[PDB]
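Undergrad: Provided herewith is a single structure, encoded as structure tokens, for subsequent inquiry.
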Amino acid sequence: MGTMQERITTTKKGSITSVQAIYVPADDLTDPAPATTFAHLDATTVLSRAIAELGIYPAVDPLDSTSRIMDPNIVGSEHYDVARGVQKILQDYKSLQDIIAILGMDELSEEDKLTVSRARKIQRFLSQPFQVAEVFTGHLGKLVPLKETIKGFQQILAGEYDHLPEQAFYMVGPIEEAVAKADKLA
Amino acid sequence: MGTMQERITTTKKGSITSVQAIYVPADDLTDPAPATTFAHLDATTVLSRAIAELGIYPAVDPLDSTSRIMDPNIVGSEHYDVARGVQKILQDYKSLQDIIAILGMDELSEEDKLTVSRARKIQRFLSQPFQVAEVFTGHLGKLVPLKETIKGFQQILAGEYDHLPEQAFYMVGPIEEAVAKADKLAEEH
Amino acid sequence: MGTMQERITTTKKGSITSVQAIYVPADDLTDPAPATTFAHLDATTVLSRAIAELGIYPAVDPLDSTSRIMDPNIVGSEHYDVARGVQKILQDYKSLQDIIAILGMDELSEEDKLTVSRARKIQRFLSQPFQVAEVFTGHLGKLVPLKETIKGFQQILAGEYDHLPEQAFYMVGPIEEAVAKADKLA
Amino acid sequence: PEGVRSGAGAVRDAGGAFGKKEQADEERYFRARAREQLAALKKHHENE
Amino acid sequence: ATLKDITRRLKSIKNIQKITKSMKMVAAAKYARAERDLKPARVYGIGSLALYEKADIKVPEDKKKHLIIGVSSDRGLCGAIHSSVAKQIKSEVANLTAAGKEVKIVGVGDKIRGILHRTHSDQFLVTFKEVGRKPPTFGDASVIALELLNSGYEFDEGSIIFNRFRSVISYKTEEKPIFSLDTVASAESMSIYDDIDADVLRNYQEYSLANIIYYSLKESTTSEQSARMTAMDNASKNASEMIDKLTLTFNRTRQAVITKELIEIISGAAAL
């Protein structure tokens, strides 16, 4: 494994990047086959079926996937704080969803009803249409730069777009098309 | 194993009826010696140690024995339905024993209590005193024909003996002896 | 091993007293090396990591240590009765662990609660401070005579100290130090 | 499919505390009813 | 320490956890209905006791003994609900016997009878059963009050002990006095009421007894349900904690068995 994996690096002329698929035997993460591979990995991407049930595409689990360059010394300060806040809100929404199924919806305080709506909007701003499926669904593909992603999530986290309906954020690119689509509705 | 086993057969010139005893090391049925023997047989009886510790003899496991002529077109419909009805309630008994572990016996619904009461009586009636074991048990042996065997279980499944204690169905022959045992038990009380 | 061990004996010309330390690989007592040394000993002392985790020093297992001279006709009747009583009490408390670990203390009757309290009090009193460990523990060494230990365990078995907290029997010498530490810790 | 899957009756197969606790309760509960059934049998047979 | 023991022990806890998890929701569903009906009964219960509140009545030092009533159910797995009541029941009798009275204890609920049977078997006057399976009603209080008066025992004082629902996570134990004795009722402060008679007061005390009993039962049920829900939550937390270490132990043993069984084949092949 070492002799093969050490030829994929970044030299002065260029670089090579690899995406690999993993199968864990017997659901044991300490088996010698996957334990040796995990020493070379720098990121993970988890695809789940429950996300696909809600109608989210691509079905990437946000709380289960991880990276390693997610550090203030590398990616910066603003990027790190925004990506921390989104995880915090999406984590607390899942814990409070358990209460709503036992005590009832009336036990929620005033702040909870606001956090729930913000989480419900964020969970729909993460979807995106793809170009390779253009003909099947008849929608143009979108390619968002990094700056627009940071700004769009930061402004939703602030609470600025707290009057538009939920469905304005579904299957859109940058933040402007959401307000335009909300303008068209109603 | 295959070379030897193929010579014990009933060809067109005669008949051979064979009975073979097989030893299972450490009560493990996945061992390679008993594992490769199931394919050579037409009927199997599996003895278990859990049943023997309850005091029921012979300790035959009722949910792990099989035969090839258990078909509605060979033994009739009544005989087939009675056996399947017994096995279904014996399987249903197991699931109720998890609930009783956490919550007590008295919190169960009345239908569950009736199911458990019938299953316990069915379990006892399968035991029988043998004739070569008179030194151990101290009773005389019994033999039961087939029609009484069918009718006794059909009546217990119907619910005609819900007013008798369990002990009357233990170590008896036909169904006629359980009530005669219960009457003597009532007289001696 | 038998060739070497048979020479360390006591004969009609002198006496030899042996103290040996033995090691168990990967906390396993069924390994072939330490499992053949049990037949060459007259007294055994087994140490456990789980007891050391709870903070009881020395971490001696009381249900796995034996000696050859534990009989009424050598040590006397009173000593033997006290030892058998404490071992029975210790054994009984171990058989309730599964129920306590799930259902909780409230399901027990009164006698079971009393046995649990007495066993938990007895466990503390078996610890002791050593003199060679004063440098890195901040305590003072102690040395108990035999009669005081016998009487202190008799008194606990008789229930004379059921009104004291269980934390007063921790890291002391003779029984008189438990009442004073309890008095200070009012 | 790869992991450990349980079944029916696994509580009484391990033979821990809960299995014996389960067994004794059934024994007591069905030891109680036989007295009433025998008494009612004697009364019925004496009456007729 | 073999593989079979680990497998069996894992498979038992896997079922225990699901049983507790399924038992939690039923207690939540019952607690909702139990909370719903408390409000209409609270005003009735408070309205029954206004007269004794306005005109203070104090019992004298007599020797007709008390009538202590404790309320509970027939089901366990509810934390320390019954123990708190049984704690004060035996506390009061010591003070009562310090003065010296022929006190008797009546308990509704089988657990109360079971806990205190050993030390107070003689003081038991009468006990009830079949409580807690279905929600209580006024008819049950009527039956209890009717069966209480027919007893030849007579009292000058009495009290009833119950658990009062305070919050979804807390409750308080308390008791209320009874002045159902006619003689103590006829005092100076009652002179303001000017259309009374002995028959009227006898009937009035008769009704007040049933009112207090009904109020106590409807208070106790909700607290019992709200405690059972929490107990069934903690049990599933503990089971989930155990099934996580057992899996790691199982995996390690599974790898060790394969390595040990491969070494033997290699060793027996080399020696030929």
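Ordering of the structure tokens sets the chain letters (A, B, ...), residue numbers begin anew at 1 in every chain, and ligands are numbered from 1 in the order given.
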Each residue of chain D with at least one atom at most 6 Å from chain B should appear once, together with its nearest atom pair and the corresponding distance in Å (one decimal); atoms considered: only C-alpha atoms; ordering: chain, then increasing residue number; output as CSV.

TA:
```
residue,atom,partner,partner_atom,distance
D:8,CA,B:95,CA,5.4
D:9,CA,B:94,CA,5.2
D:22,CA,B:101,CA,4.9
D:34,CA,B:165,CA,5.2
D:38,CA,B:186,CA,5.5
D:42,CA,B:186,CA,5.8
```

Undergrad: Those residues with C-alpha atoms, as an mmCIF file, in the first residue's frame please?

TA:
```cif
data_model
loop_
_atom_site.group_PDB
_atom_site.id
_atom_site.type_symbol
_atom_site.label_atom_id
_atom_site.label_comp_id
_atom_site.auth_asym_id
_atom_site.auth_seq_id
_atom_site.Cartn_x
_atom_site.Cartn_y
_atom_site.Cartn_z
ATOM 1 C CA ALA D 8 -36.919 -14.577 19.974
ATOM 2 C CA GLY D 9 -36.247 -16.129 23.362
ATOM 3 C CA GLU D 22 -38.360 -14.691 34.776
ATOM 4 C CA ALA D 34 -54.130 -24.841 40.937
ATOM 5 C CA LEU D 38 -58.860 -28.189 42.663
ATOM 6 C CA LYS D 42 -64.104 -30.947 44.613
#
```

Undergrad: Check every residue of chain C for an atom within 12 Å of chain B, counting only C-alpha atoms, and provide those that qualify as a ChimeraX atom specification.

TA: /C:99,102-103,107

Undergrad: Can you pull out the residues contacting residue 148 (chain B)? Cut-off 12 Å, using only C-alpha atoms, and skip same-chain residues under 6 positions away; I want them as a list in words.

TA: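 Within the cut-off, the hits are residues 79, 154, 155, 173, 174, 175, 176 and 177 of chain B.
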
Undergrad: Show me, as a PDB file with N, CA, C and O atoms, in the first residue's frame, the residues that have an atom within 12 Å of residue 147 (chain E) when counting only C-alpha atoms, minus same-chain residues fewer than 3 positions from it.

TA:
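As a result, part15.pdb now contains:
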```
ATOM      1  N   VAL E 106     -55.315   2.449  57.152  1.00  0.00           N
ATOM      2  CA  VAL E 106     -56.024   1.915  55.999  1.00  0.00           C
ATOM      3  C   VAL E 106     -55.292   2.369  54.745  1.00  0.00           C
ATOM      4  O   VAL E 106     -55.031   3.565  54.572  1.00  0.00           O
ATOM      5  N   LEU E 125     -56.755  -2.031  59.157  1.00  0.00           N
ATOM      6  CA  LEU E 125     -58.200  -2.116  59.321  1.00  0.00           C
ATOM      7  C   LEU E 125     -58.888  -2.687  58.090  1.00  0.00           C
ATOM      8  O   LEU E 125     -59.691  -3.617  58.203  1.00  0.00           O
ATOM      9  N   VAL E 126     -58.586  -2.143  56.912  1.00  0.00           N
ATOM     10  CA  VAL E 126     -59.135  -2.643  55.658  1.00  0.00           C
ATOM     11  C   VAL E 126     -58.268  -2.103  54.532  1.00  0.00           C
ATOM     12  O   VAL E 126     -57.696  -1.014  54.639  1.00  0.00           O
ATOM     13  N   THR E 127     -58.152  -2.878  53.456  1.00  0.00           N
ATOM     14  CA  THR E 127     -57.344  -2.502  52.306  1.00  0.00           C
ATOM     15  C   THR E 127     -58.129  -2.758  51.028  1.00  0.00           C
ATOM     16  O   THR E 127     -59.033  -3.596  50.985  1.00  0.00           O
ATOM     17  N   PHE E 128     -57.771  -2.025  49.982  1.00  0.00           N
ATOM     18  CA  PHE E 128     -58.442  -2.101  48.692  1.00  0.00           C
ATOM     19  C   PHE E 128     -57.468  -2.600  47.628  1.00  0.00           C
ATOM     20  O   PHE E 128     -56.280  -2.805  47.885  1.00  0.00           O
ATOM     21  N   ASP E 140     -65.461   5.260  42.528  1.00  0.00           N
ATOM     22  CA  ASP E 140     -64.515   4.555  43.385  1.00  0.00           C
ATOM     23  C   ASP E 140     -64.388   5.237  44.741  1.00  0.00           C
ATOM     24  O   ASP E 140     -64.343   4.565  45.780  1.00  0.00           O
ATOM     25  N   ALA E 141     -64.347   6.570  44.755  1.00  0.00           N
ATOM     26  CA  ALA E 141     -64.326   7.294  46.021  1.00  0.00           C
ATOM     27  C   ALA E 141     -65.617   7.076  46.795  1.00  0.00           C
ATOM     28  O   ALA E 141     -65.598   6.957  48.026  1.00  0.00           O
ATOM     29  N   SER E 142     -66.749   7.025  46.089  1.00  0.00           N
ATOM     30  CA  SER E 142     -68.010   6.709  46.750  1.00  0.00           C
ATOM     31  C   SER E 142     -67.963   5.333  47.398  1.00  0.00           C
ATOM     32  O   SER E 142     -68.398   5.165  48.542  1.00  0.00           O
ATOM     33  N   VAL E 143     -67.435   4.337  46.688  1.00  0.00           N
ATOM     34  CA  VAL E 143     -67.368   2.989  47.246  1.00  0.00           C
ATOM     35  C   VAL E 143     -66.460   2.960  48.470  1.00  0.00           C
ATOM     36  O   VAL E 143     -66.795   2.348  49.493  1.00  0.00           O
ATOM     37  N   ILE E 144     -65.307   3.629  48.392  1.00  0.00           N
ATOM     38  CA  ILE E 144     -64.381   3.635  49.523  1.00  0.00           C
ATOM     39  C   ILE E 144     -65.008   4.321  50.730  1.00  0.00           C
ATOM     40  O   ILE E 144     -64.934   3.814  51.857  1.00  0.00           O
ATOM     41  N   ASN E 150     -69.124   2.007  57.501  1.00  0.00           N
ATOM     42  CA  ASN E 150     -69.750   0.822  58.079  1.00  0.00           C
ATOM     43  C   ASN E 150     -68.869   0.137  59.116  1.00  0.00           C
ATOM     44  O   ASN E 150     -69.377  -0.670  59.902  1.00  0.00           O
ATOM     45  N   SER E 151     -67.572   0.427  59.134  1.00  0.00           N
ATOM     46  CA  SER E 151     -66.695  -0.155  60.140  1.00  0.00           C
ATOM     47  C   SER E 151     -67.082   0.333  61.530  1.00  0.00           C
ATOM     48  O   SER E 151     -67.398   1.509  61.729  1.00  0.00           O
ATOM     49  N   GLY E 152     -67.059  -0.584  62.498  1.00  0.00           N
ATOM     50  CA  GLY E 152     -67.396  -0.232  63.866  1.00  0.00           C
ATOM     51  C   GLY E 152     -66.415   0.717  64.518  1.00  0.00           C
ATOM     52  O   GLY E 152     -66.753   1.341  65.529  1.00  0.00           O
ATOM     53  N   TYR E 153     -65.210   0.835  63.966  1.00  0.00           N
ATOM     54  CA  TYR E 153     -64.219   1.747  64.518  1.00  0.00           C
ATOM     55  C   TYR E 153     -64.698   3.189  64.415  1.00  0.00           C
ATOM     56  O   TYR E 153     -65.275   3.601  63.405  1.00  0.00           O
ATOM     57  N   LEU E 209     -65.970  13.863  53.217  1.00  0.00           N
ATOM     58  CA  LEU E 209     -65.010  12.758  53.173  1.00  0.00           C
ATOM     59  C   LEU E 209     -64.801  12.249  51.744  1.00  0.00           C
ATOM     60  O   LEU E 209     -63.655  12.099  51.284  1.00  0.00           O
ATOM     61  N   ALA E 210     -65.891  12.008  51.013  1.00  0.00           N
ATOM     62  CA  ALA E 210     -65.763  11.517  49.644  1.00  0.00           C
ATOM     63  C   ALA E 210     -65.084  12.548  48.756  1.00  0.00           C
ATOM     64  O   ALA E 210     -64.273  12.195  47.882  1.00  0.00           O
TER      65      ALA E 210
END
```

Undergrad: Using only C-alpha atoms, can you tell me which of B:168, B:179, B:1, B:156 comes closest to residue 32 (chain B)?

TA: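 Among the listed residues, B:1 lies closest to residue 32 (chain B).
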
Undergrad: Residues of chain C within 12 Å of chain E: nearest atom pair and distance (Å, one decimal) for each, counting only C-alpha atoms, sorted by chain and number, as a Markdown table?

TA:
```
| residue | atom | partner | partner_atom | distance |
| --- | --- | --- | --- | --- |
| C:28 | CA | E:1 | CA | 10.7 |
| C:29 | CA | E:1 | CA | 11.6 |
| C:30 | CA | E:1 | CA | 10.6 |
| C:98 | CA | E:13 | CA | 10.7 |
| C:99 | CA | E:235 | CA | 10.6 |
| C:100 | CA | E:235 | CA | 10.3 |
| C:101 | CA | E:238 | CA | 7.2 |
| C:102 | CA | E:235 | CA | 5.4 |
| C:103 | CA | E:235 | CA | 6.1 |
| C:104 | CA | E:235 | CA | 8.2 |
| C:105 | CA | E:79 | CA | 9.0 |
| C:106 | CA | E:79 | CA | 6.1 |
| C:107 | CA | E:77 | CA | 7.3 |
| C:108 | CA | E:77 | CA | 11.0 |
| C:109 | CA | E:115 | CA | 8.9 |
| C:110 | CA | E:115 | CA | 9.5 |
```

Undergrad: What are the DSSP alpha helix (DSSP H) residues of region 80-152 of chain C, as a compact mmCIF listing (two decimals) with N, CA, C and O atoms, in the first residue's frame?

TA:
```txt
# COMPACT_ATOMS: atom_id res chain seq x y z
N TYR C 80 -11.36 -17.49 61.66
CA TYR C 80 -11.96 -18.22 60.54
C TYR C 80 -13.41 -17.81 60.32
O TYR C 80 -13.84 -17.61 59.18
N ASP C 81 -14.18 -17.67 61.40
CA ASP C 81 -15.57 -17.26 61.24
C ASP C 81 -15.67 -15.86 60.65
O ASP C 81 -16.50 -15.62 59.76
N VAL C 82 -14.80 -14.94 61.09
CA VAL C 82 -14.87 -13.58 60.57
C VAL C 82 -14.53 -13.56 59.09
O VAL C 82 -15.20 -12.89 58.28
N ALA C 83 -13.50 -14.32 58.69
CA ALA C 83 -13.11 -14.35 57.28
C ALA C 83 -14.21 -14.95 56.41
O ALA C 83 -14.52 -14.43 55.33
N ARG C 84 -14.84 -16.03 56.87
CA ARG C 84 -15.89 -16.63 56.06
C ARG C 84 -17.11 -15.72 55.96
O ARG C 84 -17.73 -15.63 54.90
N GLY C 85 -17.43 -15.00 57.03
CA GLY C 85 -18.55 -14.06 56.95
C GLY C 85 -18.29 -12.93 55.98
O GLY C 85 -19.17 -12.58 55.18
N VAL C 86 -17.09 -12.35 56.01
CA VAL C 86 -16.82 -11.25 55.10
C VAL C 86 -16.79 -11.74 53.66
O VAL C 86 -17.28 -11.05 52.75
N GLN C 87 -16.27 -12.95 53.42
CA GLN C 87 -16.28 -13.46 52.05
C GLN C 87 -17.70 -13.75 51.56
O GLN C 87 -18.01 -13.47 50.40
N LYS C 88 -18.57 -14.27 52.42
CA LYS C 88 -19.96 -14.50 52.00
C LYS C 88 -20.65 -13.18 51.67
O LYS C 88 -21.36 -13.08 50.65
N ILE C 89 -20.46 -12.16 52.51
CA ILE C 89 -21.08 -10.87 52.23
C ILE C 89 -20.56 -10.31 50.91
O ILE C 89 -21.33 -9.76 50.12
N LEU C 90 -19.26 -10.44 50.65
CA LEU C 90 -18.72 -9.93 49.40
C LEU C 90 -19.27 -10.68 48.20
O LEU C 90 -19.54 -10.08 47.15
N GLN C 91 -19.45 -12.00 48.33
CA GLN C 91 -19.98 -12.77 47.20
C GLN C 91 -21.42 -12.38 46.89
O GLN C 91 -21.79 -12.27 45.72
N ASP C 92 -22.24 -12.16 47.92
CA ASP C 92 -23.66 -11.89 47.68
C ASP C 92 -23.87 -10.61 46.89
O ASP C 92 -24.73 -10.55 46.01
N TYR C 93 -23.09 -9.56 47.19
CA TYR C 93 -23.26 -8.28 46.51
C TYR C 93 -22.90 -8.35 45.03
O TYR C 93 -23.41 -7.56 44.23
N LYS C 94 -22.04 -9.29 44.64
CA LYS C 94 -21.63 -9.39 43.25
C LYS C 94 -22.74 -9.93 42.35
O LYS C 94 -22.71 -9.68 41.14
N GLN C 97 -25.36 -7.21 40.40
CA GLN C 97 -24.84 -6.14 39.57
C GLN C 97 -25.70 -5.91 38.33
O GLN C 97 -25.92 -4.76 37.93
N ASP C 98 -26.19 -6.98 37.71
CA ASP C 98 -26.94 -6.83 36.47
C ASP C 98 -28.23 -6.05 36.68
O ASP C 98 -28.61 -5.22 35.85
N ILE C 99 -28.93 -6.32 37.78
CA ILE C 99 -30.19 -5.64 38.04
C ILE C 99 -29.96 -4.18 38.38
O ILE C 99 -30.70 -3.29 37.93
N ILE C 100 -28.93 -3.89 39.18
CA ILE C 100 -28.65 -2.51 39.56
C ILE C 100 -28.20 -1.71 38.35
O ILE C 100 -28.52 -0.52 38.22
N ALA C 101 -27.44 -2.33 37.44
CA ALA C 101 -26.89 -1.61 36.30
C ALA C 101 -27.96 -1.14 35.33
O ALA C 101 -27.68 -0.27 34.49
N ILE C 102 -29.18 -1.68 35.40
CA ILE C 102 -30.22 -1.31 34.45
C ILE C 102 -31.43 -0.75 35.18
O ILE C 102 -31.81 0.41 34.98
N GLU C 110 -35.66 -4.06 51.28
CA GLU C 110 -34.86 -3.42 52.32
C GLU C 110 -33.60 -4.21 52.63
O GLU C 110 -32.52 -3.62 52.79
N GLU C 111 -33.72 -5.53 52.73
CA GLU C 111 -32.56 -6.35 53.08
C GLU C 111 -31.47 -6.25 52.03
O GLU C 111 -30.28 -6.21 52.36
N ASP C 112 -31.86 -6.21 50.75
CA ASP C 112 -30.86 -6.07 49.69
C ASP C 112 -30.16 -4.72 49.78
O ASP C 112 -28.94 -4.64 49.58
N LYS C 113 -30.89 -3.65 50.08
CA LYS C 113 -30.25 -2.35 50.27
C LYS C 113 -29.28 -2.39 51.44
O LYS C 113 -28.19 -1.81 51.36
N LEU C 114 -29.65 -3.08 52.52
CA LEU C 114 -28.77 -3.19 53.67
C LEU C 114 -27.50 -3.96 53.33
O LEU C 114 -26.40 -3.55 53.73
N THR C 115 -27.62 -5.05 52.58
CA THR C 115 -26.44 -5.81 52.18
C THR C 115 -25.56 -5.00 51.24
O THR C 115 -24.33 -5.07 51.33
N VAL C 116 -26.17 -4.21 50.35
CA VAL C 116 -25.39 -3.38 49.45
C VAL C 116 -24.61 -2.34 50.24
O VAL C 116 -23.42 -2.12 49.99
N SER C 117 -25.25 -1.71 51.22
CA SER C 117 -24.56 -0.70 52.02
C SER C 117 -23.43 -1.31 52.83
O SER C 117 -22.34 -0.73 52.92
N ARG C 118 -23.66 -2.49 53.43
CA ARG C 118 -22.61 -3.10 54.23
C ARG C 118 -21.45 -3.57 53.37
O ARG C 118 -20.28 -3.43 53.76
N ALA C 119 -21.72 -4.13 52.19
CA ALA C 119 -20.63 -4.55 51.31
C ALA C 119 -19.83 -3.35 50.82
O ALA C 119 -18.59 -3.40 50.77
N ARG C 120 -20.51 -2.25 50.49
CA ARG C 120 -19.79 -1.06 50.04
C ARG C 120 -18.98 -0.44 51.17
O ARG C 120 -17.94 0.18 50.92
N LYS C 121 -19.45 -0.57 52.42
CA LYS C 121 -18.65 -0.11 53.54
C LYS C 121 -17.44 -1.00 53.76
O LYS C 121 -16.35 -0.52 54.11
N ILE C 122 -17.60 -2.31 53.59
CA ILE C 122 -16.50 -3.24 53.82
C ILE C 122 -15.41 -3.05 52.77
O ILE C 122 -14.22 -3.13 53.09
N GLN C 123 -15.79 -2.77 51.53
CA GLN C 123 -14.79 -2.62 50.47
C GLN C 123 -13.80 -1.50 50.79
O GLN C 123 -12.60 -1.64 50.53
N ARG C 124 -14.30 -0.38 51.32
CA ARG C 124 -13.42 0.75 51.60
C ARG C 124 -12.38 0.41 52.66
O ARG C 124 -11.22 0.82 52.55
N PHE C 125 -12.77 -0.32 53.70
CA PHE C 125 -11.90 -0.54 54.85
C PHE C 125 -10.72 -1.45 54.55
O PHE C 125 -9.82 -1.56 55.39
N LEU C 146 -2.91 -7.63 64.36
CA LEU C 146 -3.91 -8.59 63.90
C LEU C 146 -5.22 -8.47 64.67
O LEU C 146 -6.31 -8.50 64.07
N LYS C 147 -5.14 -8.33 65.99
CA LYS C 147 -6.34 -8.30 66.83
C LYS C 147 -7.23 -7.11 66.48
O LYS C 147 -8.46 -7.24 66.46
N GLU C 148 -6.62 -5.96 66.20
CA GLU C 148 -7.40 -4.78 65.85
C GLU C 148 -8.14 -4.98 64.54
O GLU C 148 -9.29 -4.55 64.41
N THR C 149 -7.52 -5.64 63.56
CA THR C 149 -8.22 -5.93 62.31
C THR C 149 -9.38 -6.88 62.55
O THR C 149 -10.49 -6.66 62.02
N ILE C 150 -9.17 -7.93 63.34
CA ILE C 150 -10.24 -8.88 63.60
C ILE C 150 -11.42 -8.18 64.26
O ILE C 150 -12.58 -8.34 63.85
N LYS C 151 -11.13 -7.37 65.28
CA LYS C 151 -12.20 -6.69 66.01
C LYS C 151 -12.90 -5.64 65.16
O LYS C 151 -14.12 -5.49 65.24
N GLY C 152 -12.14 -4.91 64.34
CA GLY C 152 -12.75 -3.92 63.48
C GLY C 152 -13.68 -4.53 62.45
O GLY C 152 -14.72 -3.96 62.13
```
